[PDB]
Each structure stands twice: as structure tokens, then as C-alpha cells.
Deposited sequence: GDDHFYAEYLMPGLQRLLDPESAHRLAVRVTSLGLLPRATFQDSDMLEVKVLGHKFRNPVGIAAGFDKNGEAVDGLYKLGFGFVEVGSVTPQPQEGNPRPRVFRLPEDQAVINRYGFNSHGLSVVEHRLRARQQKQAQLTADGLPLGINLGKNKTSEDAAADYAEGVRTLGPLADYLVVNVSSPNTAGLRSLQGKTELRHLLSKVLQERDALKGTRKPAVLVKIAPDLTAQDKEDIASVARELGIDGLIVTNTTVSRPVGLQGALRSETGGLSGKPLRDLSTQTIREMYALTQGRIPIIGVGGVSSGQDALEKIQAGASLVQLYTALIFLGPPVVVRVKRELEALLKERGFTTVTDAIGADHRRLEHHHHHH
């Protein structure tokens, strides 16, 4: 409660979004935040992507862009952390201002345009902690790395390749982020993905990261069939559904609603869940999905899980509710699984399809 209508709305008044984000990352890294004490139950454990996840709630890409706060994030209760997106070379991103809060809608619009410290900086930081991560991973706390491309780049495959070569040895999973709204066709995707998988395969007697593709919520019905077709044809390990949306739904109260960019938070929630449900159907329940978009409660997580997600992520909820939201989600999720007749979270995955 202290976070929810004392600290967050107040920070909102005081701090511009970028300043607030930067502060959040630093406070999280430094461990100033009180630690989560909620204990995950066996009921929340998920095994997927070649790893065990102690709980199914992860932090989505975009919070820890540069891998500065990974340990602190696990301490807040996240089951898994995704770093990035990381671009090969450092870049500024778009002109400020570039992130807008719509508190009325519990939503954010962003056009960051991939401000990243770049691969070498993030490699150095992650390497220094690689041993610690190996222990965390073993304890059910995996690490994902999300790869982006520079604004310049004509050659996407080359940018992705630097990323896979550089960070793939540090990753439990890798994500190709082809969905930023702020920076194709089957064949073109197929080529790129094959090149990425080929870079992954070449890795170094690392035993090797799973490769996922992160998609937009704004796709055509054929693209969804296409993406499913490729994933199955290429043996892509997973899908992350979804990134932010370019739409503005009816009823936004926020002044900044007209701003160009990707919308996240509650207004995205149902569109994202719908997108998961299709993808599970098209892929026959055979390809794991990490569901993201507007999760801020246990029910929100459960809906995504029932729709077909094996895991879920959140980011935007933190902006409005603070760190307690991670525990709220897990606590609510456990309570709902018990009420609703599931012995474990795993039993819920794809339940919508079952009926």
C-alpha cells in the first residue's frame, strides 16, 4: 500500500519517466528495496525451455536493458529475468522526451528507440557475475537475453550475430526482438531466423541457449499462421507474445495518449491474451509461449496461462504498483489455482483449449 498510492503516484509527479526508470534500476541493483519473503510453492514451478523456473513470473525486457540489476530483480521475487534489448553498438535512441505515462489508463507509451549501452558493456557486466548466475540458474532462476539491432543497420543478421556470439554463452535463453514499434514476409523471416539458429548452434560447447522470437500484438491472421509455420519448420524453441501495440483503445483518459509509440499496460492485456490463444492453437500446444502484456495480477497471469502460456512476464505494472506487484501476482495466482481446481500451475497451461 505504501508503494501503491503513496510512493508511485508521488514519484510520478516528481520524476520524469526516464529519470524514474534510471533511479529504479539503480535502487534495484543496490538492493535498497526490501526483499521479497514470499516463498514460492512447488505448485508454481515450471519446467520448460530446458530449465526449471521456480515461479512463472518474469520481468520483461526493457527494464534491465543493460544487465545492471539482475540479482536485485530475483530478490524482488521474479522467477526469471530478461535483459535487454541489447544492441551491438552503444546508441542514444530517440530524442527526449520519449516515454509517456498514462496513469488513468495504467498504461505507458514509449518510443525509446533502443537506447542501449551496447554489447561490450553488457558482456563485461554479465561475465563478471557469470558464476553467480550459474548458481541462480540451478536454483530455478534463469536468465534471458534479448537482442536488438542498431538504427543504422542495414544488415540485421550481422547485428543479431554479434549478439548471439557475444551474449549467447551467458544466456539461458535468447530472444530475437523483431517487434519494436519504434525501429517482411515468411521467406525473409525464415532466412533471418535460420541464420540466428545457425549462430546459436555454432556456440562454443556452451550447452546452449533456447532461442525465442518475440512478436507484435498487431499482426495479420496469415502472419500468425506463417510464424507458427516457421517455428515448427525451424524448431524454434519458443515464442514471446507480445510486445507493445501501436493502437490506442477507446477510453484512454491520459493527456499524453496522442503520442506516437508502443502502448503497454492494462490496455494491452486482452489483446495480448488473444494473441497467445491463437498461437497455442496454431502450434498445437507444441511450442512454448511466454505471455506478456498487461499482467498486474494473478488472474491476469492465469488467463495467459490458460490461453497457453507456460510463463508470463510483466513490466508496466511496476511503474504503477511498485515491487509489491510481483508478490501479488504469485500469491493471487496460487490462490486461484487452488480455488479453481488446479493442482499445479502446469496443469493450467492450455486449459482453455482443453474444454
Requested in this report: Map the modelled residues onto the deposited sequence and report the uncovered stretches in sequence order.
Outcome: 1-3, 187-192, 365-372
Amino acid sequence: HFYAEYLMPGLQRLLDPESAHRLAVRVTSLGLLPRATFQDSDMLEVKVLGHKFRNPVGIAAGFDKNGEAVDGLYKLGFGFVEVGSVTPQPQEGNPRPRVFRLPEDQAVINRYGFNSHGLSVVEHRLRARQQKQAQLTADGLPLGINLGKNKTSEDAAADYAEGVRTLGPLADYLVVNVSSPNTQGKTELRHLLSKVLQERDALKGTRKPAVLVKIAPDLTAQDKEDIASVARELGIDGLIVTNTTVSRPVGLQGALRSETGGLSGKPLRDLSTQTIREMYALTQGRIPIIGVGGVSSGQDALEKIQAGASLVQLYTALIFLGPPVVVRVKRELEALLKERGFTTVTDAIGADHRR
From here on, numbers count along this sequence of modelled residues.
Report task. Determine, for stretches 160-168 and 250-258, which one has the higher mean CA B-factor as deposited. Result -> 250-258
**Report entry** Between the two ranges 6-14 and 331-339, the one averaging a larger CA B factor in the entry
**Finding:** 6-14
Query - Candidate set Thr244, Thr152, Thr275, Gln106 [ranked by C-alpha B-factor, highest] - result: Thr152
**Report entry** Candidate set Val176, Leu126, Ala134, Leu192 [ranked by C-alpha B-factor, highest]
**Finding:** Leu192
Report task. Check where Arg232 lands among this chain's C-alpha B-factors and tell me if it's the lowest, middle or highest third. Result -> highest
Query raised in the report: Against its chain's modelled residues, does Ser310's Cα B factor rank lowest, middle or highest third?
Result: middle
Requested in this report: Would you please rank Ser116 by its C-alpha temperature factor against the other modelled residues of its chain and give the third it falls in: lowest, middle or highest?
Outcome: middle
Requested in this report: Pull the Cα B-factor of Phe100 out of the PDB entry and bin it into the chain's lowest, middle or highest third.
Outcome: highest
Report task. Taking the chain's C-alpha temperature factors as the reference, tell me which third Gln89 falls into: lowest, middle or highest. Result -> middle
